[PDB]
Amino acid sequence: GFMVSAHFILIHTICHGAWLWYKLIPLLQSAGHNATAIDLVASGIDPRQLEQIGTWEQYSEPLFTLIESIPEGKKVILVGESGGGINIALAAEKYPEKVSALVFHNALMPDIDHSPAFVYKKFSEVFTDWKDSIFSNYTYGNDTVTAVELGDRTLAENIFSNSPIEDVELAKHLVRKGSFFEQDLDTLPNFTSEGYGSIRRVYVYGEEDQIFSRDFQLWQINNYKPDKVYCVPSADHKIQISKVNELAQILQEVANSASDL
């Protein structure tokens, strides 16, 4: 039937890296898509350390650079997982002309009427069960920035809670210190209708996500209604790990829906 090939850019959440997309990339490529995963600053094997940045603008630079390399006339589908929802929204606001669709993968999905931090503050209000994760801080400019190193129990029980046990171990050896730069995020200008608000938004959630609850995710969906909502039975927070074929099926539908001449 009708099938098109698209270019996806896949964006990890804080503490994670391009490596997280290892299962999804070959599935997308097998169907003729171009799928690109990158490390954001101080993520994955990026050689910066977190203390060298304090803002979403700096953090997101690799994504903005990549988008600037897309040829005139061509567009990309941005897929953001968890906190990578904030990165793809920032990108959409900055380069709306380059983005055909946004796909939020159990992801923070900002709106236009409140501060960019609004959904993150709600998450932080509603989930506080951080277990053996370790919170620290560092100075960046005038600010004290809060950072987190994800605990083994957090990974196994909340994040990769229905993933193969070898994926929990992989994450253990790869996750790095991360921040949500809340002071920056909460003082940034609001996203706008003509920027981030102009792009088709698809919201995909995992039925068994043990860190972004069903109520939180439905709250985000109701807060800023997307164009389509997909659900993945039995998927945990890391759909691209726990139910990757189901994820790929959905991304194929998104490409088809995004398609144009």
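Numbers for residues come from their place in the sequence shown, where the first is 1.
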For this session: Mind pulling up the entry and telling me whether 38 to 46 or 60 to 68 has the higher mean Cα temperature factor?
Result: 60 to 68
Exercise. Mean C-alpha B factor from the entry: is it higher for 247 to 255 or for 14 to 22?
Worked result: 247 to 255
Exercise. For the listed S100, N106, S161, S179, which has the peak Cα B-factor recorded in the PDB entry?
Worked result: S100
For this session: Name the residue from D111, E149, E166, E81 with the greatest C-alpha temperature factor listed in the entry.
Result: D111
Exercise. Going by what the PDB entry lists, where does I134 fall on CA B-factor within its chain: lowest, middle or highest third?
Worked result: highest
Seminar exercise, completed: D215: C-alpha B-factor third of its chain, per the entry, is the highest
For this session: Report the third (lowest, middle or highest) to which the CA temperature factor of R153 belongs, ranking only the modelled residues of the same chain.
Result: middle
Exercise. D209: which third of its chain by C-alpha temperature factor?
Worked result: middle
Exercise. Should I199 be placed in the lowest, middle or highest third of its chain by the C-alpha B factor in the entry?
Worked result: highest
